[PDB]
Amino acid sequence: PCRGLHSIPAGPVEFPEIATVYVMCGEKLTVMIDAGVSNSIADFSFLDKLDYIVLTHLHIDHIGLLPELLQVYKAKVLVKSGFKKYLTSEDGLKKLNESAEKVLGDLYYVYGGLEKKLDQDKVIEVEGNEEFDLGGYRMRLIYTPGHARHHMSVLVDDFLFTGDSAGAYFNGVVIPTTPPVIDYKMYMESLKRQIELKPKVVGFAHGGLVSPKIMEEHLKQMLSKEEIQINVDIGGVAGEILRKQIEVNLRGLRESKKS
């Protein structure tokens, strides 16, 4: 059977590592954190069963493979309460894709929009403080708004999976996870709260596993009086995709400070 922790690249074929999906295989429950971009060819066939898929948030790059995953596995999706309708109705999906396209531009087509709504009985709303016994490991959800009103983080023992609430990290460079539009005050509060949890390792949705110290570097980055300007040493299409995303995030950061 499946055991241990699996960190799987779930980005588009042009940049598989831009997004990471985590799977924690406990003795009693198997849980997945996030679900990749719609256009990802990530293969999760190494799983015999899947009990829960926790969505850190509802941005399109974290919920892409749900349609297929919910047909192959008997998994239930856990989402912040009040947002289930965005996944279970045509009008809900239309709004998710609408906001995604407006914010992402060309990246919308790279990652891929949502095309199929999910069955309501497969989606469970949670408050963001629920605890689960995975069997040999303990999981606890944590509501972490700021990046989005529907953002939640996940703590498995001393591993903290932060989604897009505590930064991104590529090639040794800290990138702000601040696309339009973030709630600056809430974002800062959630970031401080997570730093205070003192996890041993952090799992970024964008950048994979990183040291907890990176969260503190991101906090400092958020407090800079000078305009944040980032440059990442990466080439090819992957480099261009990342640069576009960075521009979106820097725009969001600039605008959040004016609020």
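We number the residues from 1 along the sequence you see.
### Task
Pick between 76-84 and 146-154: the one whose mean CA B-factor in the entry is higher.
Looking at the record's C-alpha B-factors, the answer is 76-84.
### Task
With reference to the PDB entry, specify whether the mean Cα temperature factor is higher for 110-118 or for 164-172.
So the stretch with the higher mean C-alpha B-factor is 110-118.
### Query
Which has the highest CA B-factor per the PDB entry: 200, 28, 59, 213?
Answer, based on the entry's C-alpha B-factors: 28.
### Query
Among 123, 103, 139, 188, where is the Cα temperature factor highest, going by the PDB entry?
Highest C-alpha B-factor among the listed options: 103.
### Query
Taking the entry's C-alpha B-factors for this chain, is residue 13 in the lowest, middle or highest third?
Residue 13: CA B-factor falls in the highest third of its chain.
### Task
Relative to the other modelled residues of the same chain, rank the CA B-factor of residue 237 and answer lowest, middle or highest third.
Top third by C-alpha B-factor.
### Query
By the record's CA B-factor, is residue 70 among the lowest, middle or highest third of residues in the chain?
Middle third by C-alpha B-factor.
### CA B-factor ranking of residue 34, expressed as a third of its chain
For residue 34, the deposited C-alpha B-factor lands in the lowest third.
### Relative C-alpha B-factor of residue 50, binned into the chain's lowest, middle or highest third
Middle third.
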